[PDB]
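Here is how the chains run, residue by residue.
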Amino acid sequence: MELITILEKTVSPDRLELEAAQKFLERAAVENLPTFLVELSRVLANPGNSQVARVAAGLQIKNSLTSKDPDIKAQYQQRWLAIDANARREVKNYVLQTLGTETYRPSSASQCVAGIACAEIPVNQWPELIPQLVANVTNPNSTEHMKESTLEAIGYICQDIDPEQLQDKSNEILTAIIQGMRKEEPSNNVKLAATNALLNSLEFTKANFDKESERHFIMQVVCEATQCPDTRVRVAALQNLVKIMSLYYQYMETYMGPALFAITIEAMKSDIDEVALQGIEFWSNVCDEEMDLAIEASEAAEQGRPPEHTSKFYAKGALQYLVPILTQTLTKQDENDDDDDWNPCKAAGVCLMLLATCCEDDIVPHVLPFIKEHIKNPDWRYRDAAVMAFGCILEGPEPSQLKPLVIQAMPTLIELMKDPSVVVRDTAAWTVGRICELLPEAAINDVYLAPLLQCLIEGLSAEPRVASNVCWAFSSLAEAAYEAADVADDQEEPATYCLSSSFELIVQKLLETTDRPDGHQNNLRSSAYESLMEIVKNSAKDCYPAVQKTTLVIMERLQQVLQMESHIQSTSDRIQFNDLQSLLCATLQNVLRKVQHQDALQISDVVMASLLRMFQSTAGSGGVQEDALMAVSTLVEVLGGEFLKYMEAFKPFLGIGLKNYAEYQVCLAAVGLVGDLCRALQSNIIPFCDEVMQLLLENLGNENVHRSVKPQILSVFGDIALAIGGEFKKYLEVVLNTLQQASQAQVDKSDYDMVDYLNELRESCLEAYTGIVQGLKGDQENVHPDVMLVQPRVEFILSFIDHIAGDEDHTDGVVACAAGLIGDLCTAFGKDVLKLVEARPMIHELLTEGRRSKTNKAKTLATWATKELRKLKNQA
Amino acid sequence: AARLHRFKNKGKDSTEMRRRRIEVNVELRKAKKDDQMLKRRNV
């Protein structure tokens, strides 16, 4: 039956026809890919076919050739490259002739071309594509539709396919796109399609980007495009210019003066949202890359080397024009303001923040008059502008130069705190929160502290859109109280603080706002609790009964947590269920770290039962169960040697904990938790060591797990030896053989992430080797005979660090833990290793930078090692 | 692209809080670990 009828049906509004057509298409493509694709290409190539059917065929071919999931794309490429070359060429010709025969504005065949080329180029089965497209572009007889279809296909090509496979054939494509970029083209559609294509292709223009003439011609083309009356071409050329800026900051100095900056400011001055927004985006990208180059210059200066790239302070020279227009457009707010939609106003705000970061102290004289004049205007627009600018420019200059202004303007700020206009109140709350976050010295002022604190205290009862902001302001005040309190009252712990004088007042109110029905709005429920963690943290010794009281309250929430296992009705409800558990589980460990051991004993029993049940109730959604076990671990870090009463009801829970083998995150803490048990249970884990150690090798054997977990298994390996001492003899011979392979594993220097991946991998190797050495050695007696079992392997380990000593990536941690081996082995053996180390000379230079390494822990192990050799040489 | 994360206080999401909590946890664990190692090895 006619497949054109299928194409018509798969666009008509009927679910049954859609699913039936999709099933037929998939079944026939799987059964007979070549014939089906040939028939589809022949059908779509016919100009006389209905445009709807042609679009349907194009989208179906795109779906068959490409999809969202990368692995499905890869397997479909492998399926496609196995088709015989005759049908390949036939469909190539059919799709090539299809373009130019469609009245549709976008080319449905562009997606098909992209899909076929996706595996054509890597196998190089379609080398005539570039000359074919060049001829299509250069043909004078070519019509609008043919040109735009070719341009769209080229854009999809340069968008989807891996950039490396197009490296060799870039020059002619760039030549074709530039020849098709001539402004003499009467249709704007061709210009916009070419602009989309080139902007999506810039990732490999370096082949033709070097030439001065080509660069000038391309830039003149884009500059003339920026003058086109059509605004879509305006925005396309502006985005293209933005991406050039993001790519080639080195050379734009030759051209900033003539055209670029004038076009950018003209784009800003436009009343149209899009053009102005693109101008903001361009200048913000300039700002960000100026940050990156400033960072590079700082690294070069501290290193003494000349930086690879050099900046010229573009924003420093442009701020004099940037400030007034940005400030003016800051006032374009709307009464029915929203936050889900990006607007020119918030773009102006973020751009102003970035410019303030870049210019340091060169913004204050250029913005102070506006805020000073418009902080008191009767209309809320200009007051909003002034207060938001005052908040946004808060960073960049040193606090000392800003102190007089903030200290003399704070009364005005608490004045605008109270005005009935909601939007200005919201901005005022944000400003005071940020002013507390950045500079605390001005926030601490009893002349103003009590009135402003009271004001925000009643303000938190208002709508959530200000409640969340004022809650974070409370949190900011909390860590400010910390930072100025640990220096004010005592060092080991605060005894009594000024904010703490009203601590009982604020804390219960946070519970009230926690129970607000609108807590879901503006993340209020997650607002108080995060603020709650910090405010409970700032518990001076006089606040102890207060924090005991809220502790007496919190388990009731957990007692509540026991009792809605039947009200899970929606995924969002389950999501909110999942969200609530994560915060609550963090709450105890937040508060359990600042209580008394005796006070922890009574709550320990009820805590365990609550934690016992919830690990199994939520079998699915393991993300929250990640937070569970470290919360249980926190009990171990405080309960200590009284925790042994629960292992008999903990071992199966630990077993199922590591029984996932799918998610690394759960085992990430699981290997940590057992590592935490050793530092507390000490030698009492020996009966339980057999079960976990056997389980541990199983995770070692399974290679399906990620690579980042692998160092962690080595992390627990070292410490368990210390906990059990010499009992590790039974499993001793196993680990070195397993560790021999991982240590001997090596890779090239291509990807930095795996270079750092091996860095922590070798790092874990070193600490594990120390742990077994320390465990077999004992505590106070001489070297135990248990160390002889690893003696033959010490030379190979010395060779492993030799290769690491030859490595060039390096980090403070890598060298530091490296020093641990020599100190441990020298204590372990002494004479036996003196000759062994002397065979390798590169260790002597490795310790030289150890003395130079800035990290104290690096230095300590560095000096720990070197002094050990000295006594050994002088021993004999 | 969408750089909204620097706007207002939108940069406070549950995922961000989770990652902050776990990184503070890992620094605490590391500090305890090398503390114990330092006391038991030598001053």
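Residues numbered from 1 in each chain as written, not as in the entry; some residues may be left out. Chains lettered and ligands numbered in written order. Heavy atoms only, no water.

In terms of determination method and resolution, the entry is listed under cryo-EM at 3.95 Å.

Account for the overall build of chain B, naming residues and giving values.
Within chain B, the regular secondary structure consists of one helix and zero strands. Along the first, second and third principal axes, the C-alpha set of chain B runs to 50 × 15 × 15 Å. Out of the 43 residues belonging to chain B, those deemed buried represent 14%. Accessible surface, chain B as shown: approximately 3,200 Å² in total, 58% of it carbon and sulfur. Side-chain charges in chain B split into 16 positive and 6 negative, and the spacing between the mean points of these groups amounts to 2 Å. (Helix = DSSP H or I, 4+ residues; strand = E, 2+ residues; numbered from the N terminus. Buried < 20%, exposed > 50% of the residue type's maximum accessible area, 1.4 Å probe, protein only. Areas by Shrake-Rupley, 256 points an atom, 1.4 Å probe, with all protein chains shown as cover. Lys, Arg positive; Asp, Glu negative; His and termini not counted. Charge placed at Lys NZ, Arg CZ, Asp CG, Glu CD.)

Hey, could you go over the pattern of salt bridges for me, with residue numbers and the actual values?
Residues and elements named next belong to chain A. Applying the stated criterion to the full structure yields 37 salt bridges over all chains. The shortest N-O distance in the salt bridge between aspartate 426 and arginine 465 comes to 2.7 Å. With a gap of 39 residues between them, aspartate 426 in helix α22 (residues 422-438) and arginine 465 in helix α25 (residues 464-485) connect regions that are remote in the sequence. Using a relative accessible area of 6% as the deciding quantity, one classes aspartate 426 as buried. The network of salt bridges with shared partners includes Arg88, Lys92 and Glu120. (Salt bridge = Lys/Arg side-chain N within 4 Å of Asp/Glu carboxyl O.)

If you had to explain the interface of chain A and chain B to someone new, which residues and values would you point to?
Often, the extent of an interface is quoted as the loss of accessible area upon association of its parts. Between chain A and chain B, the residue contacts involve 33 residues of the former and 21 residues of the latter. Across the chain A/chain B interface, buried area totals approximately 2,900 Å², and carbon plus sulfur atoms make up 52% of it. Its largest share of buried area at the contact with chain B, chain A owes to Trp472(A), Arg679(A) and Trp864(A), together 17% of the area lost on that side. Linking chain A with chain B are five salt bridges, by the criterion used here. As a salt-bridge pair, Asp676(A) and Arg29(B) come within 2.9 Å of each other at their nearest N and O atoms. The tally of links between chain A and chain B comes to six residue pairs in polar contact. When the residues that make up the side of chain A that touches chain B are grouped by side-chain class, the tally is 13 nonpolar, seven polar and 13 charged. (Contact = heavy atoms within 4.5 Å. Buried area = accessible area lost by both parts, 1.4 Å probe. Polar contact = N/O pair within 3.5 Å; in protein donor to acceptor, adjacent residues only side chain to side chain. Nonpolar A, V, L, I, M, F, W, Y, C, P; charged D, E, K, R; others polar.)

Describe the nonpolar core, with residues and values.
Inside soluble globular proteins, nonpolar side chains tend to come together where they are buried. All names here are of chain A. One finds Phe643, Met693, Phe717, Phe728, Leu739, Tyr769 and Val833 to be the most contacted residues of the largest nonpolar core, which totals 81 residues. It is helix α33 (residues 664-681) that provides the largest number of residues to this core, a total of 10 residues. Setting aside residues up to four positions removed in sequence, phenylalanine 643 forms contacts with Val636 and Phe650. If you look at the next biggest cluster of nonpolar residues, it comprises 52 residues, including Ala386, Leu394, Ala478 and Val507. (Core = buried A, V, L, I, M, F, W, Y, C linked by side-chain atoms within 4.5 Å.)

How would you explain the environment of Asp84(A) if you had to name every residue and give the values?
All names here are of chain A. Along the chain, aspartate 84 falls in the loop between α5 (70-81) and α6 (85-98). A relative accessible area of 39% means that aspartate 84 is categorised as partly exposed. Here the alpha-carbon distance between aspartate 84 and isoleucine 173, two residues 89 residues apart in the chain, equals 27 Å.

Got a sec to walk through helix α36 (residues 729-744) of chain A? Specific residues and values, please.
Between the first and last C-alpha of α36(A) there are 23 Å, a value that for 16 residues agrees with the 22 Å anticipated at 1.5 Å per step. Close packing links the buried residues of α36(A) with α34 (686-701), α35 (710-724), α37 (752-777) and α38 (794-806) of chain A. (Expected span 1.5 Å × (residues − 1).)

How would you summarise the packing of aromatic side chains if you had to cite specific residues and measurements?
All names here are of chain A. Following the criterion strictly, the structure yields seven aromatic pairs over all chains and no others. Pairing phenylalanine 282 with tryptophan 283 gives two aromatic rings, centres 5.9 Å apart and planes at 85°, and the pair type is edge-to-face. For the ring pair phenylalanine 728 and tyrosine 731, a centre distance of 6.0 Å and an interplane angle of 70° mean the geometry is edge-to-face. Given a relative accessible area of 2%, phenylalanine 728 falls into the buried group. Site record: aromatic cluster; members linked through ring pairs are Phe209, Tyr248 and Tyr251. (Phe/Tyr/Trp six-rings, centres within 6.5 Å; stacked < 30°, edge-to-face > 60°.)

So what about the side chain of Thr618(A)? Which residues, and what values?
All names here are of chain A. Mapped onto the fold, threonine 618 is located in the loop between α30 (597-617) and α31 (622-639). Take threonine 618: its relative accessible area is 3%, and that puts it in the buried class. Polar contacts involving the side chain of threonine 618 include one to the side chain of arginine 574, which spans 3.4 Å. Of the polar contacts made by the side chain of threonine 618, one reaches the backbone oxygen of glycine 620; its length is 2.7 Å.

Tell me about a negative patch on the surface, and please be specific about residues and values.
Residue and element names in this part refer to chain A. A cluster of acidic residues, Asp751, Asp753, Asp756, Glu760, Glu808, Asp809 and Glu845, forms a negative patch on the protein surface. In terms of residue count, the dominant contributor to the negative patch is α37 (three residues). With respect to the element layout, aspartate 751 can be found in the loop between α36 and α37. What makes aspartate 751 partly exposed here is its relative accessible area of 32%. (Patch = residues over 30% accessible without salt bridge, like charges linked within 9 Å, V, L, I, M, F, W, Y side chains within 5 Å.)

Outline the environment of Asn699(A), listing residues and values.
Its place among the elements puts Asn699(A) in helix α34. C-alpha of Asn699(A) to C-alpha of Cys667(A): the two residues are 32 residues apart in sequence and 9.8 Å apart in space.

Can you explain the layout of surface pockets? Please cite residues and give values.
Counted as a void, the second largest pocket has a volume near 730 Å³. What lines the second largest pocket is a set of 26 residues, and nearest its centre among them are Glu530(A), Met533(A), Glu534(A), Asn590(A) and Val24(B). Contributions of two or more residues to the lining of the second largest pocket are made by α22, α25, α27 (525-537) and α29 (571-592) of chain A together with α1 (14-41) of chain B. Tallied by class, residues from the lining of the second largest pocket come to nine nonpolar, five polar and 12 charged. (1 Å grid on protein atoms, 1.4 Å probe; cavity = no way out; pocket = protein on both sides within 12 Å on 5 of 7 lines; lining within 4 Å. Points joined across faces, edges and corners; volume = space filled by probe spheres on them.)

Got a sec to walk through the state of the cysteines? Specific residues and values, please.
All names here are of chain A. Applying the stated criterion across every chain, the model contains zero disulfides over all chains. Looking at the unpaired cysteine 112, the closest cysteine sulfur is the one in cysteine 118, lying at 12 Å. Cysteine 543 carries a free sulfur, and the closest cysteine sulfur to it, the one in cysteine 498, is 11 Å from it. Here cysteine 543 falls in the buried class, since its relative accessible area comes to 3%. (Disulfide = S-S within 2.5 Å.)

I'd like a description of unusual backbone geometry, backed by residues and values.
One non-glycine residue with positive phi stands out, namely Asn124(A), at about 55°. Mapped onto the fold, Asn124(A) is located in the loop between α7 (108-123) and α8 (129-138).

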